Amino acid sequence: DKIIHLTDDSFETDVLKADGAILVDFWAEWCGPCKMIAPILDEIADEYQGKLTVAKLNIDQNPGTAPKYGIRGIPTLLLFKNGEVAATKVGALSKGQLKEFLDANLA
C-alpha cells in the first residue's frame, strides 16, 4: 500500500533519483527472518509517513541490484538518502530496534 515493490529496472527512479530517504529491504521468500520483519516494515511504512518510503527488493526475482551494494546475508536494510547509502542493518531486528536504527540515522 505505502511500500514500493521495486524491480531491477525501476531501482534508479524509485531509489536513486528519489528526493528523500528510502529504507530498502533486500529479501527472499525462503528467508525466515525476512518474513519475520515484513509485518514490521508495514508498520514502519505507516508510522514514518512523510519522513521516508519503504521499498522492497526480492533478490531472486530481481537478481541484478544486490551485488551492486555488496549484499550477502539477508535481510539487509539499507537506508538511502537522496540516492546515497547512509546506514546499513543486516539480519532480523524488532520493531523497537528498527525505530532506533531509523531515528538515529534519519538526522
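Could you check how many residues of the range 75-98 are surrounded by fewer than 19 Cβ atoms within 10 Å (Cβ to Cβ) and in a loop (DSSP other than H, G, I, E, B)?
Of the residues in the range 75-98, 6 are surrounded by fewer than 19 Cβ atoms within 10 Å (Cβ to Cβ) and in a loop (DSSP other than H, G, I, E, B).
Any idea which residue in the range 61-74 is nearest to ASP25 (Cα to Cα), counting only those that are in a loop (DSSP other than H, G, I, E, B) and small (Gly, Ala, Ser)? Quick ask: steps written out before the conclusion?
Filtering the range 61-74 down to residues in a loop (DSSP other than H, G, I, E, B) leaves 61-65, 70-74.
The next check asks that each one be small (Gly, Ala, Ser); those that pass are 64, 70, 73.
Working: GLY64: 15, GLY70: 14, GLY73: 12 Å.
Filtering the range 61-74 for residues that are in a loop (DSSP other than H, G, I, E, B) and small (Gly, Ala, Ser), the one nearest to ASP25 (Cα to Cα) comes out as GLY73.
Would you please name the residue that is nearest to the chain's Cα centre (by Cα), looking only at residues in the range 8-42 that are more than 25 Å from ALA104 (Cα to Cα) and among the small types (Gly, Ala, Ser)?
Top of the filtered list is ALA28.
Go through the range 59-73 and give me each residue that's under 21 Å from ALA21 (Cβ atoms) and within 13 Å of the chain's Cα centre (by Cα).
Those that are under 21 Å from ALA21 (Cβ atoms) and within 13 Å of the chain's Cα centre (by Cα): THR65, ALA66, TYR69, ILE71.
Mind checking which residues of the range 9-32 are under 18 Å from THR88 (Cβ atoms), of a type outside the set (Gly, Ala, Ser) and surrounded by 13 or more Cβ atoms within 10 Å (Cβ to Cβ)?
Within the range 9-32, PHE11, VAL15, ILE22, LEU23, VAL24, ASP25, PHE26, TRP27, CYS31 qualify.
With the checklist (1) of a type outside the set (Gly, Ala, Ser); (2) surrounded by 14 or more Cβ atoms within 10 Å (Cβ to Cβ); (3) without any contact (Cβ under 8 Å) to a residue 12 or more places away in the chain; (4) in a loop (DSSP other than H, G, I, E, B) in hand, flag the one item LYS35 doesn't pass.
Of the numbered conditions (1) of a type outside the set (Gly, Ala, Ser); (2) surrounded by 14 or more Cβ atoms within 10 Å (Cβ to Cβ); (3) without any contact (Cβ under 8 Å) to a residue 12 or more places away in the chain; (4) in a loop (DSSP other than H, G, I, E, B), the odd one out for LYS35 is (4).
I'm told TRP30 meets every condition in (1) farther than 22 Å from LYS2 by Cβ; (2) hydrophobic (A, V, I, L, M, F, W, C); (3) part of a helix (DSSP H, G or I) except one. Can you identify the failing condition by its number?
Every listed condition holds for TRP30 apart from (3).
Pick out the one residue from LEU77, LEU41, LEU52, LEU57 that is more than 13 Å from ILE3 (Cα to Cα), out of contact with any helix residue (DSSP H, G or I) (no Cβ under 6 Å at 6 or more places or on another chain) and free of Cβ contacts under 8 Å to residues at least 60 places away in the same chain.
From the options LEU77, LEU41, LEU52, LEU57, the qualifying one is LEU77.
Of all residues in the range 9-27, how many are assigned to a loop (DSSP other than H, G, I, E, B) and in contact (Cβ under 8 Å) with a residue 40 or more places away in the chain? Spell out how you get there, then give the answer.
Filtering the range 9-27 down to residues assigned to a loop (DSSP other than H, G, I, E, B) leaves 9-10, 17-20.
Still in the list and also in contact (Cβ under 8 Å) with a residue 40 or more places away in the chain: 17-20.
Of the residues in the range 9-27, 4 are assigned to a loop (DSSP other than H, G, I, E, B) and in contact (Cβ under 8 Å) with a residue 40 or more places away in the chain.
In the range 57-80, which residues are among the basic types (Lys, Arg) and more than 18 Å from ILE37 (Cα to Cα)?
Matches in the range 57-80: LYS68 only.
Quick one: which residue in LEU6, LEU106 is of a type outside the set (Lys, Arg) and surrounded by 18 or more Cβ atoms within 10 Å (Cβ to Cβ)? Full working, then the answer.
Values: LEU106 fails: surrounded by 18 or more Cβ atoms within 10 Å (Cβ to Cβ).
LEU6 is the lone residue from the list that is of a type outside the set (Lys, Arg) and surrounded by 18 or more Cβ atoms within 10 Å (Cβ to Cβ).
Cβ coordinates were reconstructed from backbone atoms using ideal geometry, including for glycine residues, and neighbour counts include every protein chain displayed. Every read-out reported here was derived from the displayed coordinates using simple, explicitly stated rules and does not represent laboratory data.
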